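As provided, final.cif (mmCIF, N, CA and C atoms) reads as follows.
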data_target
loop_
_atom_site.label_atom_id
_atom_site.label_comp_id
_atom_site.auth_asym_id
_atom_site.auth_seq_id
_atom_site.Cartn_x
_atom_site.Cartn_y
_atom_site.Cartn_z
N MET A 214 97.73 101.92 77.98
CA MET A 214 97.71 102.05 79.46
C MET A 214 99.14 102.06 80.02
N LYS A 215 99.33 102.58 81.23
CA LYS A 215 100.66 102.71 81.85
C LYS A 215 101.28 101.34 82.15
N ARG A 216 102.61 101.31 82.27
CA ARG A 216 103.37 100.13 82.67
C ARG A 216 102.88 99.65 84.04
N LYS A 217 102.89 98.33 84.28
CA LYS A 217 102.57 97.71 85.58
C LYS A 217 103.74 96.83 86.02
N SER A 218 104.96 97.29 85.70
CA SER A 218 106.22 96.64 86.00
C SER A 218 107.25 97.71 86.39
N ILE A 219 106.83 98.62 87.28
CA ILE A 219 107.64 99.71 87.82
C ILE A 219 108.77 99.10 88.65
N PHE A 220 108.46 98.21 89.61
CA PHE A 220 109.44 97.55 90.48
C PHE A 220 109.08 96.06 90.60
N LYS A 221 108.63 95.46 89.50
CA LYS A 221 108.02 94.13 89.40
C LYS A 221 108.74 93.01 90.14
N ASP A 222 110.06 93.07 90.16
CA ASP A 222 110.95 92.08 90.78
C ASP A 222 111.94 92.79 91.71
N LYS A 223 111.43 93.66 92.58
CA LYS A 223 112.21 94.45 93.54
C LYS A 223 111.38 94.60 94.81
N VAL A 224 112.08 94.78 95.92
CA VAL A 224 111.49 95.09 97.21
C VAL A 224 112.22 96.31 97.76
N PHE A 225 111.58 97.10 98.63
CA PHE A 225 112.30 98.14 99.35
C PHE A 225 111.82 98.34 100.78
N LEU A 226 112.65 99.02 101.58
CA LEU A 226 112.34 99.51 102.91
C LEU A 226 112.24 101.03 102.80
N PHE A 227 111.17 101.66 103.29
CA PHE A 227 111.04 103.12 103.24
C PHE A 227 111.41 103.70 104.60
N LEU A 228 112.29 104.71 104.61
CA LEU A 228 112.71 105.43 105.80
C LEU A 228 111.69 106.53 106.20
N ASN A 229 110.39 106.32 105.94
CA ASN A 229 109.33 107.30 106.19
C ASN A 229 108.04 106.56 106.55
N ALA A 230 107.28 107.08 107.52
CA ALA A 230 106.13 106.37 108.09
C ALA A 230 104.76 106.89 107.61
N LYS A 231 104.70 107.86 106.69
CA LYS A 231 103.46 108.56 106.34
C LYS A 231 103.21 108.46 104.84
N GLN A 232 104.13 108.96 104.01
CA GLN A 232 104.05 108.82 102.56
C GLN A 232 104.02 107.33 102.17
N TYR A 233 104.59 106.46 103.00
CA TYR A 233 104.52 105.01 102.84
C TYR A 233 103.10 104.52 102.58
N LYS A 234 102.09 105.09 103.24
CA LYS A 234 100.71 104.59 103.13
C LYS A 234 100.11 104.79 101.74
N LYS A 235 100.72 105.60 100.87
CA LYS A 235 100.32 105.75 99.47
C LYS A 235 101.38 105.17 98.54
N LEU A 236 102.66 105.26 98.91
CA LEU A 236 103.73 104.67 98.11
C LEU A 236 103.57 103.15 98.03
N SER A 237 103.14 102.49 99.12
CA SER A 237 102.89 101.05 99.13
C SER A 237 101.87 100.62 98.06
N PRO A 238 100.63 101.14 98.02
CA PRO A 238 99.68 100.73 97.00
C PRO A 238 100.09 101.21 95.60
N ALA A 239 100.74 102.38 95.47
CA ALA A 239 101.24 102.83 94.18
C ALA A 239 102.24 101.82 93.60
N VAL A 240 103.22 101.39 94.40
CA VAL A 240 104.23 100.44 93.97
C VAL A 240 103.63 99.04 93.80
N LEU A 241 102.60 98.67 94.57
CA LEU A 241 101.93 97.39 94.41
C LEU A 241 101.19 97.33 93.06
N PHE A 242 100.50 98.41 92.67
CA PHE A 242 99.95 98.56 91.32
C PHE A 242 101.08 98.53 90.28
N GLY A 243 102.24 99.08 90.65
CA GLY A 243 103.48 99.02 89.88
C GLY A 243 104.12 97.62 89.83
N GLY A 244 103.63 96.65 90.60
CA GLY A 244 104.05 95.26 90.58
C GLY A 244 105.09 94.90 91.64
N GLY A 245 105.61 95.86 92.41
CA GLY A 245 106.75 95.68 93.31
C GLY A 245 106.36 95.55 94.77
N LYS A 246 107.36 95.40 95.65
CA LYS A 246 107.13 95.10 97.07
C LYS A 246 107.73 96.19 97.96
N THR A 247 107.07 96.41 99.09
CA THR A 247 107.34 97.53 99.97
C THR A 247 107.27 97.07 101.43
N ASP A 248 108.12 97.63 102.29
CA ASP A 248 108.12 97.43 103.73
C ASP A 248 108.52 98.74 104.41
N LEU A 249 108.23 98.86 105.71
CA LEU A 249 108.42 100.06 106.51
C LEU A 249 109.12 99.63 107.79
N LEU A 250 110.43 99.84 107.82
CA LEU A 250 111.31 99.54 108.94
C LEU A 250 112.59 100.34 108.70
N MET A 251 113.25 100.77 109.78
CA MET A 251 114.39 101.70 109.72
C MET A 251 115.62 101.14 110.44
N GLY A 252 115.46 99.98 111.09
CA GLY A 252 116.51 99.28 111.83
C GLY A 252 116.79 97.88 111.27
N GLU A 253 116.12 97.45 110.19
CA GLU A 253 116.36 96.14 109.57
C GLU A 253 117.79 96.06 108.99
N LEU A 254 118.43 97.22 108.76
CA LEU A 254 119.85 97.33 108.41
C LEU A 254 120.79 96.83 109.52
N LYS A 255 120.27 96.35 110.66
CA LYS A 255 121.03 95.67 111.73
C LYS A 255 121.97 94.60 111.18
N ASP A 256 121.61 94.01 110.04
CA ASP A 256 122.46 93.14 109.25
C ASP A 256 122.35 93.58 107.80
N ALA A 257 123.49 93.64 107.13
CA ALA A 257 123.64 94.23 105.80
C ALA A 257 123.10 93.35 104.65
N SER A 258 122.45 92.21 104.91
CA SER A 258 121.94 91.34 103.84
C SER A 258 120.86 92.06 103.01
N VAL A 259 120.14 93.00 103.63
CA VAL A 259 119.18 93.86 102.94
C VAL A 259 119.84 94.82 101.94
N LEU A 260 121.17 94.99 101.96
CA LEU A 260 121.92 95.81 101.00
C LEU A 260 122.70 94.91 100.04
N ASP A 261 123.23 93.78 100.53
CA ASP A 261 124.09 92.89 99.75
C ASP A 261 123.29 92.20 98.65
N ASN A 262 122.04 91.84 98.94
CA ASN A 262 121.20 91.13 97.98
C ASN A 262 120.89 92.03 96.77
N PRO A 263 120.71 91.44 95.57
CA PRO A 263 120.65 92.19 94.31
C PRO A 263 119.36 92.99 94.04
N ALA A 264 118.31 92.93 94.88
CA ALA A 264 117.01 93.51 94.51
C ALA A 264 116.25 94.18 95.66
N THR A 265 116.90 94.41 96.79
CA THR A 265 116.34 95.23 97.86
C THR A 265 116.93 96.64 97.73
N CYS A 266 116.17 97.64 98.18
CA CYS A 266 116.53 99.05 98.16
C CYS A 266 116.12 99.67 99.50
N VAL A 267 116.61 100.89 99.76
CA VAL A 267 116.15 101.70 100.88
C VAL A 267 115.78 103.06 100.28
N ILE A 268 114.64 103.60 100.70
CA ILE A 268 114.04 104.79 100.10
C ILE A 268 114.22 105.93 101.10
N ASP A 269 114.83 107.02 100.64
CA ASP A 269 114.95 108.28 101.36
C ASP A 269 113.71 109.14 101.07
N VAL A 270 113.43 110.11 101.93
CA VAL A 270 112.45 111.16 101.69
C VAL A 270 112.95 112.02 100.52
N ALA A 271 112.10 112.92 100.01
CA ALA A 271 112.43 113.91 98.98
C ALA A 271 113.38 115.01 99.52
N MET A 272 114.44 114.65 100.24
CA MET A 272 115.42 115.58 100.80
C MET A 272 116.11 116.41 99.71
N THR A 273 116.13 115.92 98.47
CA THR A 273 116.61 116.63 97.29
C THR A 273 115.85 117.94 97.01
N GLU A 274 114.66 118.13 97.59
CA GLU A 274 113.86 119.34 97.44
C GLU A 274 114.47 120.53 98.21
N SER A 275 115.42 120.30 99.13
CA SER A 275 116.04 121.33 99.96
C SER A 275 116.60 122.48 99.10
N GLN A 276 116.12 123.70 99.35
CA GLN A 276 116.53 124.89 98.60
C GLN A 276 117.78 125.48 99.24
N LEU A 277 118.79 125.79 98.42
CA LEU A 277 120.02 126.45 98.87
C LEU A 277 119.75 127.86 99.43
N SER A 278 118.62 128.46 99.07
CA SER A 278 118.23 129.81 99.46
C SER A 278 118.01 129.95 100.98
N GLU A 279 117.74 128.84 101.69
CA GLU A 279 117.41 128.85 103.11
C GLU A 279 117.87 127.53 103.76
N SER A 280 118.90 126.88 103.22
CA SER A 280 119.34 125.55 103.63
C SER A 280 119.69 125.46 105.13
N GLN A 281 120.09 126.58 105.74
CA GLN A 281 120.40 126.68 107.16
C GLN A 281 119.17 126.38 108.05
N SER A 282 117.95 126.59 107.55
CA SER A 282 116.71 126.49 108.33
C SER A 282 115.65 125.61 107.64
N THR A 283 115.94 125.11 106.44
CA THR A 283 115.12 124.13 105.73
C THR A 283 115.01 122.86 106.59
N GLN A 284 113.79 122.30 106.70
CA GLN A 284 113.52 121.12 107.51
C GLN A 284 114.17 119.83 106.95
N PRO A 285 114.02 119.46 105.66
CA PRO A 285 114.74 118.32 105.11
C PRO A 285 116.26 118.54 105.15
N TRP A 286 117.03 117.46 105.25
CA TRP A 286 118.49 117.50 105.41
C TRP A 286 119.10 116.17 104.95
N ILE A 287 120.40 116.18 104.68
CA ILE A 287 121.19 115.01 104.29
C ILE A 287 121.67 114.27 105.55
N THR A 288 120.71 113.73 106.31
CA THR A 288 120.93 113.04 107.58
C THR A 288 121.99 111.92 107.45
N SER A 289 122.72 111.65 108.53
CA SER A 289 123.82 110.69 108.57
C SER A 289 123.41 109.28 108.13
N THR A 290 122.13 108.91 108.25
CA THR A 290 121.62 107.60 107.86
C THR A 290 121.89 107.30 106.37
N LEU A 291 121.85 108.31 105.51
CA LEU A 291 122.09 108.16 104.07
C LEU A 291 123.53 107.69 103.84
N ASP A 292 124.48 108.34 104.53
CA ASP A 292 125.91 108.05 104.45
C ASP A 292 126.26 106.71 105.12
N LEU A 293 125.54 106.36 106.19
CA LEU A 293 125.68 105.07 106.86
C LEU A 293 125.24 103.94 105.92
N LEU A 294 124.16 104.14 105.17
CA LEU A 294 123.65 103.15 104.22
C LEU A 294 124.60 103.02 103.03
N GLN A 295 125.19 104.14 102.58
CA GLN A 295 126.27 104.13 101.60
C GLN A 295 127.47 103.33 102.10
N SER A 296 127.82 103.47 103.38
CA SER A 296 128.93 102.73 103.97
C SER A 296 128.62 101.23 104.07
N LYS A 297 127.36 100.86 104.34
CA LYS A 297 126.93 99.45 104.32
C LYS A 297 127.05 98.89 102.91
N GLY A 298 126.42 99.51 101.90
CA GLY A 298 126.70 99.14 100.52
C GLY A 298 125.78 99.72 99.45
N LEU A 299 124.77 100.55 99.79
CA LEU A 299 123.73 100.95 98.83
C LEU A 299 123.40 102.43 98.98
N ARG A 300 122.72 103.00 98.00
CA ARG A 300 122.19 104.37 98.06
C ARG A 300 120.80 104.33 98.68
N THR A 301 120.41 105.43 99.31
CA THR A 301 119.06 105.66 99.80
C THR A 301 118.39 106.54 98.75
N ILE A 302 117.54 105.94 97.91
CA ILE A 302 117.02 106.64 96.73
C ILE A 302 115.84 107.55 97.13
N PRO A 303 115.82 108.85 96.78
CA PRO A 303 114.71 109.75 97.08
C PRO A 303 113.37 109.26 96.51
N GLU A 304 112.30 109.35 97.31
CA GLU A 304 110.93 109.08 96.88
C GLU A 304 110.52 109.96 95.69
N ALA A 305 111.11 111.16 95.56
CA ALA A 305 110.79 112.10 94.49
C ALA A 305 111.13 111.52 93.12
N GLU A 306 112.26 110.80 93.03
CA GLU A 306 112.66 110.17 91.78
C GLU A 306 111.75 108.97 91.48
N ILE A 307 111.21 108.30 92.50
CA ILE A 307 110.18 107.28 92.29
C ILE A 307 108.96 107.94 91.66
N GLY A 308 108.50 109.09 92.17
CA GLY A 308 107.36 109.77 91.58
C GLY A 308 107.63 110.12 90.11
N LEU A 309 108.81 110.68 89.80
CA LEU A 309 109.18 111.00 88.42
C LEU A 309 109.15 109.74 87.55
N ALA A 310 109.76 108.65 88.01
CA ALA A 310 109.82 107.40 87.27
C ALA A 310 108.44 106.75 87.12
N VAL A 311 107.53 106.92 88.07
CA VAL A 311 106.14 106.46 88.00
C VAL A 311 105.38 107.31 86.96
N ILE A 312 105.61 108.62 86.93
CA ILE A 312 104.99 109.54 85.98
C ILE A 312 105.44 109.18 84.56
N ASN A 313 106.72 108.85 84.35
CA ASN A 313 107.31 108.70 83.02
C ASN A 313 107.42 107.24 82.59
N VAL A 314 107.12 106.32 83.52
CA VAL A 314 107.33 104.88 83.43
C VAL A 314 108.78 104.54 83.02
N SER A 315 109.74 104.97 83.85
CA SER A 315 111.18 104.95 83.57
C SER A 315 112.02 104.61 84.81
N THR A 316 111.67 103.54 85.53
CA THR A 316 112.40 103.03 86.69
C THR A 316 113.71 102.34 86.27
N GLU A 317 114.62 103.07 85.63
CA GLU A 317 115.80 102.48 84.99
C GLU A 317 117.02 102.70 85.90
N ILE A 318 117.29 103.97 86.21
CA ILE A 318 118.39 104.43 87.06
C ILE A 318 117.94 105.51 88.05
N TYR A 319 116.75 106.09 87.84
CA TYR A 319 116.14 107.06 88.73
C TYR A 319 115.99 106.50 90.15
N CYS A 320 115.65 105.21 90.25
CA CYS A 320 115.25 104.56 91.49
C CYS A 320 116.06 103.29 91.71
N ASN A 321 117.32 103.32 91.30
CA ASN A 321 118.24 102.21 91.40
C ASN A 321 119.26 102.59 92.47
N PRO A 322 119.36 101.83 93.57
CA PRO A 322 120.23 102.16 94.69
C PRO A 322 121.65 101.59 94.55
N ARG A 323 121.90 100.74 93.54
CA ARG A 323 123.13 99.96 93.44
C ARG A 323 123.95 100.30 92.19
N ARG A 324 123.25 100.63 91.10
CA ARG A 324 123.77 101.07 89.80
C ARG A 324 125.11 100.40 89.47
#

Spit out the file's structure as structure tokens when you get a sec.
Amino acid sequence: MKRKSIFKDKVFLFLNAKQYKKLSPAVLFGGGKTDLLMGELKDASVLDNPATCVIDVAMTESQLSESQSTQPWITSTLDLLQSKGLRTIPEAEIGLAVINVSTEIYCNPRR
């Protein structure tokens, strides 16, 4: 049977209000913790601590063929979170790591 220790001793904040409703139970079956807030970064303790993350949308799906008019984008919030202290990890890499049971560096915001 599949691993049940995907994010066993980790928590995250998701920067998305819709995919969250399935990512939450998926990661809970994965053993980990999830929250939905986009302004909790008001204080950087959510980045400084060793086991919290912030989750970006699958913005990595953006095709160079039409990037001028593609809806997903590298919004300033990603760079602001980098400036605070952490990466905003794409949900797409969570899906890959859930498929392969390999939450090693795919979904690590601090590395």

- Query: How many Å lie between CA of residue 263 in chain A and CA of residue 323 in chain A, rounded to one decimal?
  - Reply: 8.2 Å

Which polymer residues have any atom within 10 Å of an atom of residue 299 in chain A, counting only C-alpha atoms, with same-chain residues fewer than 3 positions away left out, as an mmCIF file with N, CA and C atoms, keeping the file's coordinate frame?
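This is the output file result.cif:
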data_model
loop_
_atom_site.group_PDB
_atom_site.id
_atom_site.type_symbol
_atom_site.label_atom_id
_atom_site.label_comp_id
_atom_site.auth_asym_id
_atom_site.auth_seq_id
_atom_site.Cartn_x
_atom_site.Cartn_y
_atom_site.Cartn_z
ATOM 1 N N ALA A 257 123.490 93.640 107.130
ATOM 2 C CA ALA A 257 123.640 94.230 105.800
ATOM 3 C C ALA A 257 123.100 93.350 104.650
ATOM 4 N N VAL A 259 120.140 93.000 103.630
ATOM 5 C CA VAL A 259 119.180 93.860 102.940
ATOM 6 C C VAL A 259 119.840 94.820 101.940
ATOM 7 N N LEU A 260 121.170 94.990 101.960
ATOM 8 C CA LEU A 260 121.920 95.810 101.000
ATOM 9 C C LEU A 260 122.700 94.910 100.040
ATOM 10 N N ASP A 261 123.230 93.780 100.530
ATOM 11 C CA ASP A 261 124.090 92.890 99.750
ATOM 12 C C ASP A 261 123.290 92.200 98.650
ATOM 13 N N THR A 265 116.900 94.410 96.790
ATOM 14 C CA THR A 265 116.340 95.230 97.860
ATOM 15 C C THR A 265 116.930 96.640 97.730
ATOM 16 N N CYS A 266 116.170 97.640 98.180
ATOM 17 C CA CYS A 266 116.530 99.050 98.160
ATOM 18 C C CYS A 266 116.120 99.670 99.500
ATOM 19 N N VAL A 267 116.610 100.890 99.760
ATOM 20 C CA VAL A 267 116.150 101.700 100.880
ATOM 21 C C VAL A 267 115.780 103.060 100.280
ATOM 22 N N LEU A 291 121.850 108.310 105.510
ATOM 23 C CA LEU A 291 122.090 108.160 104.070
ATOM 24 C C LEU A 291 123.530 107.690 103.840
ATOM 25 N N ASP A 292 124.480 108.340 104.530
ATOM 26 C CA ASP A 292 125.910 108.050 104.450
ATOM 27 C C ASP A 292 126.260 106.710 105.120
ATOM 28 N N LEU A 293 125.540 106.360 106.190
ATOM 29 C CA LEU A 293 125.680 105.070 106.860
ATOM 30 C C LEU A 293 125.240 103.940 105.920
ATOM 31 N N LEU A 294 124.160 104.140 105.170
ATOM 32 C CA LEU A 294 123.650 103.150 104.220
ATOM 33 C C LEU A 294 124.600 103.020 103.030
ATOM 34 N N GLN A 295 125.190 104.140 102.580
ATOM 35 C CA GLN A 295 126.270 104.130 101.600
ATOM 36 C C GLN A 295 127.470 103.330 102.100
ATOM 37 N N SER A 296 127.820 103.470 103.380
ATOM 38 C CA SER A 296 128.930 102.730 103.970
ATOM 39 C C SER A 296 128.620 101.230 104.070
ATOM 40 N N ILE A 302 117.540 105.940 97.910
ATOM 41 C CA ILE A 302 117.020 106.640 96.730
ATOM 42 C C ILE A 302 115.840 107.550 97.130
ATOM 43 N N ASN A 321 117.320 103.320 91.300
ATOM 44 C CA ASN A 321 118.240 102.210 91.400
ATOM 45 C C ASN A 321 119.260 102.590 92.470
ATOM 46 N N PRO A 322 119.360 101.830 93.570
ATOM 47 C CA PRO A 322 120.230 102.160 94.690
ATOM 48 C C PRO A 322 121.650 101.590 94.550
ATOM 49 N N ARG A 323 121.900 100.740 93.540
ATOM 50 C CA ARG A 323 123.130 99.960 93.440
ATOM 51 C C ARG A 323 123.950 100.300 92.190
ATOM 52 N N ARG A 324 123.250 100.630 91.100
ATOM 53 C CA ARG A 324 123.770 101.070 89.800
ATOM 54 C C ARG A 324 125.110 100.400 89.470
#

- Query: Just how far from CA of residue 235 in chain A is CA of residue 274 in chain A, in Å to one decimal?
  - Reply: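 We find that CA of residue 274 in chain A and CA of residue 235 in chain A lie 19.3 Å from each other.
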
- Would you write out, as number ranges by chain, every residue that the PyMOL selection byres ((chain A and resi 241-247) around 5) captures in this file? A: 217-221, 223-225, 237-240, 248-249

N, CA and C atoms of the current selection, written as a PDB file, keeping the file's coordinate frame:
ATOM      1  N   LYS A 217     102.890  98.330  84.280  1.00  0.00           N
ATOM      2  CA  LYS A 217     102.570  97.710  85.580  1.00  0.00           C
ATOM      3  C   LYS A 217     103.740  96.830  86.020  1.00  0.00           C
ATOM      4  N   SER A 218     104.960  97.290  85.700  1.00  0.00           N
ATOM      5  CA  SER A 218     106.220  96.640  86.000  1.00  0.00           C
ATOM      6  C   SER A 218     107.250  97.710  86.390  1.00  0.00           C
ATOM      7  N   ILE A 219     106.830  98.620  87.280  1.00  0.00           N
ATOM      8  CA  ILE A 219     107.640  99.710  87.820  1.00  0.00           C
ATOM      9  C   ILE A 219     108.770  99.100  88.650  1.00  0.00           C
ATOM     10  N   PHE A 220     108.460  98.210  89.610  1.00  0.00           N
ATOM     11  CA  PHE A 220     109.440  97.550  90.480  1.00  0.00           C
ATOM     12  C   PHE A 220     109.080  96.060  90.600  1.00  0.00           C
ATOM     13  N   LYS A 221     108.630  95.460  89.500  1.00  0.00           N
ATOM     14  CA  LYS A 221     108.020  94.130  89.400  1.00  0.00           C
ATOM     15  C   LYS A 221     108.740  93.010  90.140  1.00  0.00           C
ATOM     16  N   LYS A 223     111.430  93.660  92.580  1.00  0.00           N
ATOM     17  CA  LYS A 223     112.210  94.450  93.540  1.00  0.00           C
ATOM     18  C   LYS A 223     111.380  94.600  94.810  1.00  0.00           C
ATOM     19  N   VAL A 224     112.080  94.780  95.920  1.00  0.00           N
ATOM     20  CA  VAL A 224     111.490  95.090  97.210  1.00  0.00           C
ATOM     21  C   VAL A 224     112.220  96.310  97.760  1.00  0.00           C
ATOM     22  N   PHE A 225     111.580  97.100  98.630  1.00  0.00           N
ATOM     23  CA  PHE A 225     112.300  98.140  99.350  1.00  0.00           C
ATOM     24  C   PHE A 225     111.820  98.340 100.780  1.00  0.00           C
ATOM     25  N   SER A 237     103.140 102.490  99.120  1.00  0.00           N
ATOM     26  CA  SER A 237     102.890 101.050  99.130  1.00  0.00           C
ATOM     27  C   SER A 237     101.870 100.620  98.060  1.00  0.00           C
ATOM     28  N   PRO A 238     100.630 101.140  98.020  1.00  0.00           N
ATOM     29  CA  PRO A 238      99.680 100.730  97.000  1.00  0.00           C
ATOM     30  C   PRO A 238     100.090 101.210  95.600  1.00  0.00           C
ATOM     31  N   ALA A 239     100.740 102.380  95.470  1.00  0.00           N
ATOM     32  CA  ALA A 239     101.240 102.830  94.180  1.00  0.00           C
ATOM     33  C   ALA A 239     102.240 101.820  93.600  1.00  0.00           C
ATOM     34  N   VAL A 240     103.220 101.390  94.400  1.00  0.00           N
ATOM     35  CA  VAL A 240     104.230 100.440  93.970  1.00  0.00           C
ATOM     36  C   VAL A 240     103.630  99.040  93.800  1.00  0.00           C
ATOM     37  N   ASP A 248     108.120  97.630 102.290  1.00  0.00           N
ATOM     38  CA  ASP A 248     108.120  97.430 103.730  1.00  0.00           C
ATOM     39  C   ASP A 248     108.520  98.740 104.410  1.00  0.00           C
ATOM     40  N   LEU A 249     108.230  98.860 105.710  1.00  0.00           N
ATOM     41  CA  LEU A 249     108.420 100.060 106.510  1.00  0.00           C
ATOM     42  C   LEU A 249     109.120  99.630 107.790  1.00  0.00           C
TER      43      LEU A 249
END

- Item | Picked residues, the PyMOL selection byres ((chain A and resi 270) around 5), expected as a list in words |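 This file gives the following for the PyMOL selection byres ((chain A and resi 270) around 5): residues 268, 269, 271, 272, 303 and 304 of chain A.
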
- Between CA of residue 283 in chain A and CA of residue 236 in chain A, what is the spacing in Å?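 Separation of CA of residue 236 in chain A and CA of residue 283 in chain A: 23.8 Å.
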
- Item | alpha helix (DSSP H) positions in chain A, given as a ChimeraX atom specification | /A:233-242,258-261,289-297,304-313

Using the file's own x, y and z axes, what box holds all listed atoms of range 254-265 of chain A with 3 Å on each side, keeping edges along x, y and z, and what are its centre and edge lengths in Å to one decimal, as AutoDock Vina command-line options?
--center_x 120.2 --center_y 94.2 --center_z 102.9 --size_x 13.8 --size_y 12.2 --size_z 23.7

- Based on DSSP run over this structure's backbone, return all residues of range 259-318 of chain A in strand (DSSP E or B), as a PyMOL selection string. chain A and resi 265-269+301-303

Written selection (N, CA and C atoms) as a short mmCIF file (atom, residue, chain, number, x, y, z; two decimals), in the coordinates of the input:
data_model
loop_
_atom_site.label_atom_id
_atom_site.label_comp_id
_atom_site.auth_asym_id
_atom_site.auth_seq_id
_atom_site.Cartn_x
_atom_site.Cartn_y
_atom_site.Cartn_z
N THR A 265 116.90 94.41 96.79
CA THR A 265 116.34 95.23 97.86
C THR A 265 116.93 96.64 97.73
N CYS A 266 116.17 97.64 98.18
CA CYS A 266 116.53 99.05 98.16
C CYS A 266 116.12 99.67 99.50
N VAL A 267 116.61 100.89 99.76
CA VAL A 267 116.15 101.70 100.88
C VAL A 267 115.78 103.06 100.28
N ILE A 268 114.64 103.60 100.70
CA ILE A 268 114.04 104.79 100.10
C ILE A 268 114.22 105.93 101.10
N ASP A 269 114.83 107.02 100.64
CA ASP A 269 114.95 108.28 101.36
C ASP A 269 113.71 109.14 101.07
N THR A 301 120.41 105.43 99.31
CA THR A 301 119.06 105.66 99.80
C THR A 301 118.39 106.54 98.75
N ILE A 302 117.54 105.94 97.91
CA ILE A 302 117.02 106.64 96.73
C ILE A 302 115.84 107.55 97.13
N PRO A 303 115.82 108.85 96.78
CA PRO A 303 114.71 109.75 97.08
C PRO A 303 113.37 109.26 96.51
#

- Task: Choose the residue, out of A:273, A:319, A:290, A:280, that has the smallest atom-to-atom separation from residue 251 in chain A; count only C-alpha atoms.
- Result: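 Closest to residue 251 in chain A, using only C-alpha atoms: A:290.
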
- Message: Could you tell me, as a PyMOL selection string, exactly which residues end up selected when the PyMOL selection byres (((chain A and resi 250 and name CA) around 9) and name CA) is applied to this structure?
- Response: chain A and resi 226-230+248-249+251-254
